[PDB]
C-alpha cells in the first residue's frame, strides 16, 4: 500500500526509524502526554520500536504516520492505524498527538485523513478507538464528528465510527480536505 494523504494545512507520511527522536520528544512532553501510554525517552529504544513496527507495516497490519504542516514542512504530530479485525472489517486508531506548532485545524484534518486511509485506501467497514475519562475535549471532538459512544471501563470511553458517517463527513467537511470546487453564495 502507498498513501497519498494530504489536507488543506497538513499532510501525513509513514513513520521511519529516523523519526525516533521527534517521537520520543513528542511522547515525553508532559503537556501532551496526560492521556497516552508512557513510552521510552531513549532514541535508540524508540528506533527499535519503529523497526518492529515496520515489520507489521510490511505485512499490512499497522500504519503509523508523522503529521506535518504543509506551509513549512515541519513535523507537528503523530497518528496510527492498528489492531485490525473481521466480521465486520475493523481498524483501531490512536497514538494521536499534535504539538504547539500544529496548524489551527490540524486535529480535524488529521482525523479525516485517518478515516480516508482506513475506509477508502484500506477498505475497512468500522473504526474502533478509546479516549481516557478526563480527556474532555477529545470526547467532545469525537462525538461532534459522529463517533458513537458504545461503552467503558474505569479508565476509558470506547467508541466506534462507522464508514457510513465518514461518507457524510466527506461532503460536510470538504472545506478541511482541500479547496472547494464551488462555493456556496447567498443572494
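Positions refer to the first chain, counted from 1.
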Open item on the list: Averaging CA B factors per stretch from the PDB record, which one is higher: 7 to 15 or 165 to 173?
Closed with: 165 to 173
Task: Entry-level comparison of average CA B-factors, 85 to 93 and 103 to 111, reporting the higher stretch - done: 85 to 93
TODO: Quick one: which of 51, 142, 128, 27 shows the highest Cα temperature factor in the PDB entry?
DONE: 51
Open item on the list: Splitting the chain's C-alpha B-factors into thirds, which one does residue 134 fall into?
Closed with: highest
Open item on the list: Which third, lowest, middle or highest, does the C-alpha temperature factor of residue 41 belong to within its own chain?
Closed with: highest
